[PDB]
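To begin, one chain is listed below as structure tokens, in the form deposited in one PDB entry.
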């Protein structure tokens, strides 16, 4: 008796874990610039996901070894009593790679740890990755990076969310944070608890697409528009309705 309005089952004891890997500085010999403003992104994300019931776990400037250890740990813990899983990357990236402090890591090996095969307690539950990563470029200045990270599609019941698409530019204010993440966090605040999450992400696409880029303090930053996207492999409507204590 197939149902065109089926919602993911979101009535488990806990909402689930939200990992946030936050990268401001890099090993000297990588020659990658500071990401001044990433802490606003981390703090804004932490607050909005907390208010939706996530156990938010933040990690600053982890080396590759440390990051793989923490994310493997979280992948092999039981999610049996959880609604879903959220993982956020705030760093530099290139192609299919995010940068840790130390070295780059294949995104597919991070998403792979949560695929049905390898994490049974999350089968049929939403797995949401959010990626603010672009190319390292070198009071509140707007820095602009070229898109660099492929808009990849993980696997069944994953939702991959991207700051910026091929041929567009990602913006980060050095105090206020990334345009994508400001607008994601504003929409989580107003609508997180009512709207279907892909409906919300679409609002975010509108908000960021509409940010004007014709009258910039830097002449070279003029006409560098920003368009985010999401790659959905979801199989049901996704809501973060308030949980019943």
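Positions refer to the first chain, counted from 1.
What comes next is about the form deposited with a partner chain bound, which is not displayed.
Residue 103 belongs to the set of residues with a heavy atom inside 4.5 Å of its partner chain in the entry with it bound.
Proximity of residue 64 to its partner chain in the entry with it bound falls within the 4.5 Å heavy atom cutoff. Residue contact with its partner chain in the entry with it bound: residue 58 places no heavy atom within 4.5 Å of it. At the 4.5 Å threshold, heavy atoms of residue 140 stay clear of its partner chain in the entry with it bound, well away from it.
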